[PDB]
file protein_17.cif (mmCIF, C-alpha atoms and all ligand atoms; chains and numbers go by the auth columns)
data_structure
#
loop_
_atom_site.group_PDB
_atom_site.id
_atom_site.type_symbol
_atom_site.label_atom_id
_atom_site.label_comp_id
_atom_site.label_asym_id
_atom_site.label_seq_id
_atom_site.Cartn_x
_atom_site.Cartn_y
_atom_site.Cartn_z
_atom_site.B_iso_or_equiv
_atom_site.auth_seq_id
_atom_site.auth_asym_id
ATOM 1 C CA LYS A 1 313.702 160.846 180.240 0.00 6 A
ATOM 2 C CA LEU A 2 313.276 164.646 180.146 0.00 7 A
ATOM 3 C CA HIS A 3 311.797 166.041 183.370 0.00 8 A
ATOM 4 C CA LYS A 4 308.221 167.273 182.881 0.00 9 A
ATOM 5 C CA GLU A 5 305.682 168.722 185.327 0.00 10 A
ATOM 6 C CA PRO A 6 302.500 170.804 185.559 0.00 11 A
ATOM 7 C CA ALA A 7 302.515 174.568 185.999 0.00 12 A
ATOM 8 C CA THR A 8 299.842 177.232 186.094 0.00 13 A
ATOM 9 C CA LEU A 9 299.752 180.334 183.968 0.00 14 A
ATOM 10 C CA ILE A 10 300.388 183.624 185.758 0.00 15 A
ATOM 11 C CA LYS A 11 300.845 185.801 182.666 0.00 16 A
ATOM 12 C CA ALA A 12 302.047 185.740 179.041 0.00 17 A
ATOM 13 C CA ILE A 13 304.769 188.346 178.503 0.00 18 A
ATOM 14 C CA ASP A 14 305.604 188.070 174.801 0.00 19 A
ATOM 15 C CA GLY A 15 306.009 185.339 172.167 0.00 20 A
ATOM 16 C CA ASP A 16 308.759 183.468 173.989 0.00 21 A
ATOM 17 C CA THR A 17 308.533 184.503 177.653 0.00 22 A
ATOM 18 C CA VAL A 18 305.745 183.603 180.055 0.00 23 A
ATOM 19 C CA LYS A 19 305.293 183.747 183.827 0.00 24 A
ATOM 20 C CA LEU A 20 304.056 180.557 185.431 0.00 25 A
ATOM 21 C CA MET A 21 303.454 179.069 188.846 0.00 26 A
ATOM 22 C CA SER A 22 305.854 176.126 189.029 0.00 27 A
ATOM 23 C CA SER A 23 305.180 172.737 190.617 0.00 28 A
ATOM 24 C CA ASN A 24 307.571 174.099 193.203 0.00 29 A
ATOM 25 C CA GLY A 25 304.927 176.594 194.287 0.00 30 A
ATOM 26 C CA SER A 26 306.999 179.552 193.136 0.00 31 A
ATOM 27 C CA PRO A 27 306.151 182.121 190.441 0.00 32 A
ATOM 28 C CA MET A 28 308.876 182.054 187.765 0.00 33 A
ATOM 29 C CA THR A 29 309.527 183.666 184.411 0.00 34 A
ATOM 30 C CA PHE A 30 310.117 180.996 181.727 0.00 35 A
ATOM 31 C CA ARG A 31 311.920 181.528 178.444 0.00 36 A
ATOM 32 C CA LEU A 32 311.163 178.978 175.707 0.00 37 A
ATOM 33 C CA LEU A 33 314.082 176.770 174.689 0.00 38 A
ATOM 34 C CA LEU A 34 315.545 176.888 171.181 0.00 39 A
ATOM 35 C CA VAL A 35 313.428 179.677 169.745 0.00 40 A
ATOM 36 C CA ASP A 36 313.418 183.426 169.269 0.00 41 A
ATOM 37 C CA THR A 37 310.222 185.384 168.665 0.00 42 A
ATOM 38 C CA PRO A 38 310.554 188.989 167.449 0.00 43 A
ATOM 39 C CA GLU A 39 311.220 191.564 170.127 0.00 44 A
ATOM 40 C CA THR A 40 308.477 193.815 171.476 0.00 45 A
ATOM 41 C CA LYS A 41 310.001 195.412 174.579 0.00 46 A
ATOM 42 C CA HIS A 42 313.701 196.299 174.273 0.00 47 A
ATOM 43 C CA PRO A 43 314.975 199.612 172.860 0.00 48 A
ATOM 44 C CA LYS A 44 317.339 197.724 170.494 0.00 49 A
ATOM 45 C CA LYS A 45 315.808 196.678 167.171 0.00 50 A
ATOM 46 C CA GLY A 46 312.538 198.085 168.502 0.00 51 A
ATOM 47 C CA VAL A 47 309.166 196.380 167.980 0.00 52 A
ATOM 48 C CA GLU A 48 310.341 193.858 165.403 0.00 53 A
ATOM 49 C CA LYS A 49 308.094 192.698 162.585 0.00 54 A
ATOM 50 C CA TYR A 50 305.897 189.779 163.717 0.00 55 A
ATOM 51 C CA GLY A 51 306.532 190.571 167.412 0.00 56 A
ATOM 52 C CA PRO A 52 302.930 191.435 168.239 0.00 57 A
ATOM 53 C CA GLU A 53 301.737 188.450 166.236 0.00 58 A
ATOM 54 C CA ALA A 54 304.106 186.050 168.032 0.00 59 A
ATOM 55 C CA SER A 55 302.976 187.538 171.345 0.00 60 A
ATOM 56 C CA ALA A 56 299.309 187.137 170.477 0.00 61 A
ATOM 57 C CA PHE A 57 299.823 183.537 169.395 0.00 62 A
ATOM 58 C CA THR A 58 301.531 182.428 172.615 0.00 63 A
ATOM 59 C CA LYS A 59 299.041 184.334 174.800 0.00 64 A
ATOM 60 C CA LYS A 60 296.137 182.639 173.030 0.00 65 A
ATOM 61 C CA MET A 61 297.683 179.216 173.322 0.00 66 A
ATOM 62 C CA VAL A 62 298.471 179.304 177.051 0.00 67 A
ATOM 63 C CA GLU A 63 295.333 181.139 178.076 0.00 68 A
ATOM 64 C CA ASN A 64 293.017 178.671 176.365 0.00 69 A
ATOM 65 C CA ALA A 65 294.741 175.503 177.577 0.00 70 A
ATOM 66 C CA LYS A 66 293.172 173.090 180.061 0.00 71 A
ATOM 67 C CA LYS A 67 296.648 171.956 181.118 0.00 72 A
ATOM 68 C CA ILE A 68 300.130 173.547 180.991 0.00 73 A
ATOM 69 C CA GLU A 69 303.267 171.428 181.427 0.00 74 A
ATOM 70 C CA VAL A 70 306.931 172.445 181.560 0.00 75 A
ATOM 71 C CA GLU A 71 309.654 170.124 180.279 0.00 76 A
ATOM 72 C CA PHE A 72 313.311 170.823 181.106 0.00 77 A
ATOM 73 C CA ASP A 73 316.147 169.726 178.818 0.00 78 A
ATOM 74 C CA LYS A 74 319.281 167.900 180.007 0.00 79 A
ATOM 75 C CA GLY A 75 321.619 170.759 180.964 0.00 80 A
ATOM 76 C CA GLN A 76 320.936 174.027 182.762 0.00 81 A
ATOM 77 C CA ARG A 77 317.420 174.828 183.893 0.00 82 A
ATOM 78 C CA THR A 78 317.796 178.597 184.204 0.00 83 A
ATOM 79 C CA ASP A 79 319.507 181.275 182.103 0.00 84 A
ATOM 80 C CA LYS A 80 321.683 184.160 183.336 0.00 85 A
ATOM 81 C CA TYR A 81 318.567 186.311 183.918 0.00 86 A
ATOM 82 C CA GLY A 82 317.154 183.721 186.267 0.00 87 A
ATOM 83 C CA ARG A 83 314.551 182.592 183.700 0.00 88 A
ATOM 84 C CA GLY A 84 313.549 178.892 183.706 0.00 89 A
ATOM 85 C CA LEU A 85 314.492 177.309 180.322 0.00 90 A
ATOM 86 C CA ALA A 86 311.962 174.780 179.012 0.00 91 A
ATOM 87 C CA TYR A 87 309.751 173.332 176.321 0.00 92 A
ATOM 88 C CA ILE A 88 306.208 174.493 177.231 0.00 93 A
ATOM 89 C CA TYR A 89 303.162 172.355 176.382 0.00 94 A
ATOM 90 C CA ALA A 90 299.535 173.535 176.165 0.00 95 A
ATOM 91 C CA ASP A 91 297.180 170.545 176.182 0.00 96 A
ATOM 92 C CA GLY A 92 300.038 168.372 175.060 0.00 97 A
ATOM 93 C CA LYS A 93 300.984 170.661 172.157 0.00 98 A
ATOM 94 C CA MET A 94 304.539 172.095 172.262 0.00 99 A
ATOM 95 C CA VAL A 95 304.274 175.926 172.120 0.00 100 A
ATOM 96 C CA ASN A 96 307.981 176.113 170.990 0.00 101 A
ATOM 97 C CA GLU A 97 307.138 173.990 167.952 0.00 102 A
ATOM 98 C CA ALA A 98 303.797 175.674 167.237 0.00 103 A
ATOM 99 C CA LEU A 99 305.489 179.088 166.891 0.00 104 A
ATOM 100 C CA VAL A 100 308.265 177.777 164.591 0.00 105 A
ATOM 101 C CA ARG A 101 305.742 175.861 162.523 0.00 106 A
ATOM 102 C CA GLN A 102 303.826 179.105 161.877 0.00 107 A
ATOM 103 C CA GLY A 103 306.969 181.133 160.975 0.00 108 A
ATOM 104 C CA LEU A 104 306.445 183.208 164.187 0.00 109 A
ATOM 105 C CA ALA A 105 309.907 182.349 165.525 0.00 110 A
ATOM 106 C CA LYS A 106 313.216 180.991 164.281 0.00 111 A
ATOM 107 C CA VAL A 107 315.321 178.242 165.869 0.00 112 A
ATOM 108 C CA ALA A 108 317.980 180.132 167.898 0.00 113 A
ATOM 109 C CA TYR A 109 320.194 179.971 171.002 0.00 114 A
ATOM 110 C CA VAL A 110 321.133 176.325 170.572 0.00 115 A
ATOM 111 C CA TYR A 111 323.292 175.702 173.623 0.00 116 A
ATOM 112 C CA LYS A 112 324.364 172.072 173.998 0.00 117 A
ATOM 113 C CA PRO A 113 323.411 170.028 175.946 0.00 118 A
ATOM 114 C CA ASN A 114 319.975 171.679 175.873 0.00 119 A
ATOM 115 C CA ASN A 115 319.120 170.609 172.310 0.00 120 A
ATOM 116 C CA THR A 116 317.030 167.493 172.662 0.00 121 A
ATOM 117 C CA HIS A 117 314.274 168.786 170.346 0.00 122 A
ATOM 118 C CA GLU A 118 316.572 170.639 167.950 0.00 123 A
ATOM 119 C CA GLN A 119 315.972 168.359 164.926 0.00 124 A
ATOM 120 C CA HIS A 120 312.223 168.402 165.480 0.00 125 A
ATOM 121 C CA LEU A 121 312.171 172.181 165.641 0.00 126 A
ATOM 122 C CA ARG A 122 314.461 172.342 162.640 0.00 127 A
ATOM 123 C CA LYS A 123 312.069 170.278 160.501 0.00 128 A
ATOM 124 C CA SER A 124 309.161 172.527 161.442 0.00 129 A
ATOM 125 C CA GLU A 125 311.263 175.562 160.615 0.00 130 A
ATOM 126 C CA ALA A 126 312.161 174.130 157.195 0.00 131 A
ATOM 127 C CA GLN A 127 308.457 173.597 156.437 0.00 132 A
ATOM 128 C CA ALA A 128 307.508 177.128 157.486 0.00 133 A
ATOM 129 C CA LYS A 129 310.289 178.502 155.261 0.00 134 A
ATOM 130 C CA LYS A 130 309.129 176.368 152.362 0.00 135 A
ATOM 131 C CA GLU A 131 305.571 177.652 152.850 0.00 136 A
ATOM 132 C CA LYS A 132 306.838 181.205 153.115 0.00 137 A
ATOM 133 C CA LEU A 133 304.908 181.982 156.316 0.00 138 A
ATOM 134 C CA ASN A 134 305.115 185.204 158.335 0.00 139 A
ATOM 135 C CA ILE A 135 308.810 185.709 159.099 0.00 140 A
ATOM 136 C CA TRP A 136 309.721 183.786 155.933 0.00 141 A
ATOM 137 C CA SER A 137 307.255 185.676 153.764 0.00 142 A
HETATM 138 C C1 LIG B . 316.868 180.822 174.829 0.00 201 A
HETATM 139 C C2 LIG B . 318.056 181.180 175.688 0.00 201 A
HETATM 140 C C3 LIG B . 318.400 182.524 175.809 0.00 201 A
HETATM 141 N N1 LIG B . 319.463 182.826 176.600 0.00 201 A
HETATM 142 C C4 LIG B . 319.906 184.216 176.709 0.00 201 A
HETATM 143 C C5 LIG B . 320.842 184.509 175.471 0.00 201 A
HETATM 144 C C6 LIG B . 320.544 186.003 175.299 0.00 201 A
HETATM 145 O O1 LIG B . 321.326 186.860 176.211 0.00 201 A
HETATM 146 P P1 LIG B . 321.744 188.338 176.050 0.00 201 A
HETATM 147 O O2 LIG B . 320.533 189.146 176.447 0.00 201 A
HETATM 148 O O3 LIG B . 322.977 188.656 176.842 0.00 201 A
HETATM 149 O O4 LIG B . 321.947 188.486 174.549 0.00 201 A
HETATM 150 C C7 LIG B . 319.043 186.182 175.655 0.00 201 A
HETATM 151 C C8 LIG B . 318.062 185.860 174.524 0.00 201 A
HETATM 152 O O5 LIG B . 316.742 186.093 175.123 0.00 201 A
HETATM 153 P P2 LIG B . 315.667 187.040 174.600 0.00 201 A
HETATM 154 O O6 LIG B . 315.248 186.651 173.175 0.00 201 A
HETATM 155 O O7 LIG B . 314.556 186.890 175.607 0.00 201 A
HETATM 156 O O8 LIG B . 316.159 188.441 174.738 0.00 201 A
HETATM 157 O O9 LIG B . 318.847 185.175 176.699 0.00 201 A
HETATM 158 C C9 LIG B . 320.227 181.883 177.198 0.00 201 A
HETATM 159 O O10 LIG B . 321.195 182.242 177.886 0.00 201 A
HETATM 160 N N2 LIG B . 319.933 180.569 177.042 0.00 201 A
HETATM 161 C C10 LIG B . 318.896 180.213 176.336 0.00 201 A
HETATM 162 O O11 LIG B . 318.590 178.970 176.182 0.00 201 A
HETATM 163 CA CA CA B . 312.913 187.039 171.842 0.00 202 A
#
call {"tool": "encode", "arguments": {"input": "protein_17.cif", "output": "structure tokens"}}
result
Amino acid sequence: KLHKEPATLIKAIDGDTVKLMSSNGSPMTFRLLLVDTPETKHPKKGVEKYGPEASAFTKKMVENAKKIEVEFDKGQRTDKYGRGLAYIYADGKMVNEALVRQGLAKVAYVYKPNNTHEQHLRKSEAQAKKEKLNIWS
């Protein structure tokens, strides 16, 4: 149902933003749907706590994968900054979920109709909270 396709890593930027080579054949910046990892680049809030950890996690995950796939939700495919909005998978593992599960991101920016995996992400977030991991420590 959801549109999914292969992509190739260009570079990991931070915990929730990565540059990939789309099936299109064009280099694009992707921002992970439904999550927010702590900031590491913008002068507002600074280098938030867990930022570097979130960044390291994502980098590790995409750099070690055999296969990267991008899955678009049902509504808009790009944000106002021109970033592609998707669920990213590394060897069939959802990075968006992986981060939440570890308490390295919170569920955020839920913009209907792009919320197909919201409940899934929410459950993982509840578990991380319950286990008092990283952000929830
Ligand atoms: C995740 C996501 C973020 N965004 C926008 C909202 C925020 O804009 P503003 O910058 O105007 O606040 C910003 C959050 O991204 P970052 O966490 O990368 O900064 O990107 C969307 O528009 N749609 C989305 O699905
Ligand atoms: Ca962020």
call {"tool": "resolve_selection", "arguments": {"input": "protein_17.cif", "expression": "the PyMOL selection byres (((not hetatm)) within 6 of (chain A and resi 201))", "output": "PyMOL selection string"}}
result
chain A and resi 38-39+41+84-85+114
call {"tool": "residues_near_ligand", "arguments": {"input": "protein_17.cif", "ligand": "ligand CA 202 (chain A)", "cutoff": "7 Å", "atoms": "all atoms listed in the file", "output": "PyMOL selection string"}}
result
chain A and resi 21+41-44
call {"tool": "atom_distance", "arguments": {"input": "protein_17.cif", "atom1": "atom CA of residue A:57", "atom2": "atom CA of residue A:105"}}
result
15.1 Å
call {"tool": "residues_around", "arguments": {"input": "protein_17.cif", "residues": "residue A:70", "least_positions_apart": "3", "cutoff": "12 Å", "atoms": "only C-alpha atoms", "output": "PyMOL selection string"}}
result
chain A and resi 12-14+63-67+73-74+93-100
call {"tool": "axis_aligned_box", "arguments": {"input": "protein_17.cif", "around": "stretch 88-99 of chain A", "padding_each_side": "4 Å", "output": "lines of an AutoDock Vina configuration file"}}
result
center_x = 305.9
center_y = 175.5
center_z = 177.9
size_x = 25.4
size_y = 22.2
size_z = 19.5
call {"tool": "resolve_selection", "arguments": {"input": "protein_17.cif", "expression": "the PyMOL selection byres (((chain A and resi 115-120) around 7) and not hetatm)", "output": "VMD selection string"}}
result
chain A and resid 39 78 to 80 113 to 114 121 to 123
call {"tool": "residues_around", "arguments": {"input": "protein_17.cif", "residues": "residue A:15", "least_positions_apart": "5", "cutoff": "10 Å", "atoms": "only C-alpha atoms", "output": "JSON, numbers by chain"}}
result
{"A": [23, 24, 25, 26, 27, 32, 33, 34, 67, 68]}
call {"tool": "build_atoms", "arguments": {"input": "protein_17.cif", "residues": "stretch 26-45 of chain A", "atoms": "N, CA, C and O atoms", "output": "mmCIF file, keeping the file's coordinate frame"}}
result
data_model
loop_
_atom_site.group_PDB
_atom_site.id
_atom_site.type_symbol
_atom_site.label_atom_id
_atom_site.label_comp_id
_atom_site.auth_asym_id
_atom_site.auth_seq_id
_atom_site.Cartn_x
_atom_site.Cartn_y
_atom_site.Cartn_z
ATOM 1 N N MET A 26 303.377 179.547 187.479
ATOM 2 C CA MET A 26 303.454 179.069 188.846
ATOM 3 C C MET A 26 303.905 177.597 188.659
ATOM 4 O O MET A 26 303.223 176.717 188.114
ATOM 5 N N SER A 27 305.144 177.404 189.091
ATOM 6 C CA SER A 27 305.854 176.126 189.029
ATOM 7 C C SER A 27 305.304 175.140 190.063
ATOM 8 O O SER A 27 304.724 175.527 191.096
ATOM 9 N N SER A 28 305.586 173.877 189.780
ATOM 10 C CA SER A 28 305.180 172.737 190.617
ATOM 11 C C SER A 28 305.803 172.844 192.015
ATOM 12 O O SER A 28 305.396 172.194 192.977
ATOM 13 N N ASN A 29 306.802 173.677 192.072
ATOM 14 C CA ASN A 29 307.571 174.099 193.203
ATOM 15 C C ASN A 29 306.719 174.947 194.159
ATOM 16 O O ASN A 29 306.907 174.901 195.372
ATOM 17 N N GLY A 30 305.850 175.726 193.553
ATOM 18 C CA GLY A 30 304.927 176.594 194.287
ATOM 19 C C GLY A 30 305.443 178.019 194.224
ATOM 20 O O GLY A 30 304.955 178.888 194.975
ATOM 21 N N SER A 31 306.395 178.214 193.329
ATOM 22 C CA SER A 31 306.999 179.552 193.136
ATOM 23 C C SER A 31 306.746 180.144 191.760
ATOM 24 O O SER A 31 306.956 179.417 190.765
ATOM 25 N N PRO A 32 306.366 181.403 191.706
ATOM 26 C CA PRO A 32 306.151 182.121 190.441
ATOM 27 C C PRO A 32 307.503 182.331 189.751
ATOM 28 O O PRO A 32 308.428 182.879 190.382
ATOM 29 N N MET A 33 307.609 181.920 188.506
ATOM 30 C CA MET A 33 308.876 182.054 187.765
ATOM 31 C C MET A 33 308.615 182.510 186.340
ATOM 32 O O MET A 33 307.599 182.148 185.753
ATOM 33 N N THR A 34 309.584 183.230 185.837
ATOM 34 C CA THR A 34 309.527 183.666 184.411
ATOM 35 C C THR A 34 310.192 182.515 183.603
ATOM 36 O O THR A 34 311.302 182.098 184.028
ATOM 37 N N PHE A 35 309.551 182.076 182.542
ATOM 38 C CA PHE A 35 310.117 180.996 181.727
ATOM 39 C C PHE A 35 310.417 181.584 180.355
ATOM 40 O O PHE A 35 309.600 182.315 179.817
ATOM 41 N N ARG A 36 311.512 181.168 179.799
ATOM 42 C CA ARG A 36 311.920 181.528 178.444
ATOM 43 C C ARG A 36 311.944 180.175 177.675
ATOM 44 O O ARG A 36 312.600 179.205 178.109
ATOM 45 N N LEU A 37 311.248 180.166 176.541
ATOM 46 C CA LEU A 37 311.163 178.978 175.707
ATOM 47 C C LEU A 37 312.515 178.555 175.130
ATOM 48 O O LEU A 37 313.187 179.428 174.510
ATOM 49 N N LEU A 38 312.842 177.298 175.266
ATOM 50 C CA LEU A 38 314.082 176.770 174.689
ATOM 51 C C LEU A 38 314.027 176.785 173.142
ATOM 52 O O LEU A 38 312.981 176.562 172.513
ATOM 53 N N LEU A 39 315.190 176.952 172.589
ATOM 54 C CA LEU A 39 315.545 176.888 171.181
ATOM 55 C C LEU A 39 314.829 177.781 170.240
ATOM 56 O O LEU A 39 314.953 177.492 168.997
ATOM 57 N N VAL A 40 314.127 178.786 170.679
ATOM 58 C CA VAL A 40 313.428 179.677 169.745
ATOM 59 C C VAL A 40 313.681 181.137 170.104
ATOM 60 O O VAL A 40 314.022 181.424 171.262
ATOM 61 N N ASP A 41 313.367 182.009 169.167
ATOM 62 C CA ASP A 41 313.418 183.426 169.269
ATOM 63 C C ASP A 41 312.220 184.035 168.512
ATOM 64 O O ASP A 41 312.150 183.858 167.297
ATOM 65 N N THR A 42 311.365 184.689 169.254
ATOM 66 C CA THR A 42 310.222 185.384 168.665
ATOM 67 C C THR A 42 310.749 186.833 168.577
ATOM 68 O O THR A 42 311.675 187.141 169.338
ATOM 69 N N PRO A 43 310.183 187.575 167.666
ATOM 70 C CA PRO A 43 310.554 188.989 167.449
ATOM 71 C C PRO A 43 310.293 189.794 168.710
ATOM 72 O O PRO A 43 309.303 189.621 169.454
ATOM 73 N N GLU A 44 311.229 190.701 168.939
ATOM 74 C CA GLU A 44 311.220 191.564 170.127
ATOM 75 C C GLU A 44 310.063 192.536 170.113
ATOM 76 O O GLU A 44 309.638 192.992 169.031
ATOM 77 N N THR A 45 309.549 192.846 171.289
ATOM 78 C CA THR A 45 308.477 193.815 171.476
ATOM 79 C C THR A 45 308.744 194.781 172.648
ATOM 80 O O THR A 45 307.961 195.758 172.742
#
